[PDB]
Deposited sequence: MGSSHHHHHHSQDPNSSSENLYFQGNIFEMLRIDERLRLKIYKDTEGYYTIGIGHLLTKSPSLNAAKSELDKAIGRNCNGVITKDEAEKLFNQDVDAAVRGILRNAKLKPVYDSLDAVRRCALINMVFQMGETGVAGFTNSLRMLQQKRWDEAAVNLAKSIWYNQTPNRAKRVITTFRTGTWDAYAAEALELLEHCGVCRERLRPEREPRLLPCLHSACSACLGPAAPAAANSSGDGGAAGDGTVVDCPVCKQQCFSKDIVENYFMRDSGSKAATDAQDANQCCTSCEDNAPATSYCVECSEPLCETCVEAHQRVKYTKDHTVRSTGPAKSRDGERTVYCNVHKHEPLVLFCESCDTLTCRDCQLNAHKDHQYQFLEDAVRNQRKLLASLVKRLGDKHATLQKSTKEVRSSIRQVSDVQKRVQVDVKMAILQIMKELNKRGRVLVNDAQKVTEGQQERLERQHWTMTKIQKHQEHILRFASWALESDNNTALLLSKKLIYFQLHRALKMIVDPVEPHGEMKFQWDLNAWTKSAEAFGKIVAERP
């Protein structure tokens, strides 16, 4: 079976149905819009208060489509925020591919992060690539018993790693109207608009020069004419042959090429009296051939389209990588320039260190000899000032004089300072503007 599907915003659109009026689930909580949980209390006024909290105006329990989809985007983004914020389901969230992360966001949006935080052992089996055990363990839960359809679909999407389980449903819902999503079996008269959507006779809205003749499709809001809509002749059984319009109880069996209208016997002899004709078998086979050719071509063009689409996604990834490339290579190049400059500076300080260690060594030696001179001079001075004691110290003149005569000094070569670096900062303020940003060309 041939399946066609989108990605992840769609899936929340397929699982839940859009209702702009406040509604109670047959067994659940008061919700509104597209699966927006207002409150869990039974009181309607509480639900309306939470409604006005979400909208900001008094609505009286009725919303509009744009506001419902704004709340939808808010709810989905908040669910993913509550996923990445929670510390117990994030490590298992990171290791999954887009599709399973996708399914998990759906599960959290339906039951809440705390609701899915209870399913410990199924998550422990899912993180480690043990799929089937997780599926069967997930089947036994209240979430499965309340809404078994959605639960089975989400479990299947976890199992397969593809959106096919919803693609199949997209095809199934193709037999249901796009408004109230009821089965278009002919009780309510089905209608098929030129946009190839199907609806009920009551789900068309309202439905004097001009009263109608113009109608907006309820799902895609593409304008078409009231005459171009035909009853969905496809929902007829599960007889095949339809009876003629003007000719009651008289089946159609000829195809008029003049009027291009499938016709009845009496019609193509009276009305289409001189028109062309084809026996139904040959014309039906012909048109089936043509439409099969068109669908093959459309499938080919769509395949090439999505291939080019993913190539463009790859191209945006690559432009972001190019941006990182340029920025980090510039940072590292300038860092290398500053590194070679710091190396030059560290080698330069060594020269000041050498000259200063030399001069300081000479002056330190000079200071040492000067301290020795000072000390032994003080000694001579005390011993000579010891002439105060009245005595016949004449017998000690020779030692006291000739040693008092000890006068000496030293000397070192006076040197100049080297404190200026003498950098030409003008050259560097000019050289700062030497920035090249080439291109691939």
Could you name the stretches of the deposited sequence that have no C-alpha atoms in this structure?
1-19, 227-238, 270-334, 538-544
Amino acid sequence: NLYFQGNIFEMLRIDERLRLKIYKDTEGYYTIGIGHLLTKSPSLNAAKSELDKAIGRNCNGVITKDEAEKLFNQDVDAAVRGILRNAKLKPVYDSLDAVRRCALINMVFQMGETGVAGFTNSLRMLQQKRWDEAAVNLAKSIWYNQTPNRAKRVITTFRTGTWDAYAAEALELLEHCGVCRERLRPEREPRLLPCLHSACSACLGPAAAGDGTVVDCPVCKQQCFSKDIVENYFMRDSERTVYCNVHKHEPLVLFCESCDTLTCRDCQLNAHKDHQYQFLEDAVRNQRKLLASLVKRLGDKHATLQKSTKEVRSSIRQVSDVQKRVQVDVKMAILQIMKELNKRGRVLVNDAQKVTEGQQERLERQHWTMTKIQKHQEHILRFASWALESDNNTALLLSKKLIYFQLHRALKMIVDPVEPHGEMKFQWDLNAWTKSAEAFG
From here on, numbers count along this sequence of modelled residues.
Going by the entry, of stretches 57-65 and 388-396 the one with greater average Cα B-factor is 57-65
Going by the B-factors listed in the PDB entry, is the mean over the C-alpha atoms higher for 131-139 or for 216-224?
131-139
Among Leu51, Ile380, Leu402, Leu411, highest Cα B-factor in the entry goes to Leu51
Would you mind finding, among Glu172, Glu239, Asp274, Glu182, the residue with the largest C-alpha temperature factor in the entry?
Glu239
For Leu193, the third of its chain into which the C-alpha B factor falls
lowest
Taking the C-alpha B-factors as the PDB entry records them, is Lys40 in the lowest, middle or highest third of its chain?
highest
Would the CA B-factor of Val116 place it in the lowest, middle or highest third of its chain?
highest
Considering every modelled residue of the chain and its Cα B-factor in the PDB entry, is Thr160 in the lowest, middle or highest third?
highest
Going by the CA temperature factor in the PDB record, which third of the chain does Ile373 belong to: lowest, middle or highest?
lowest
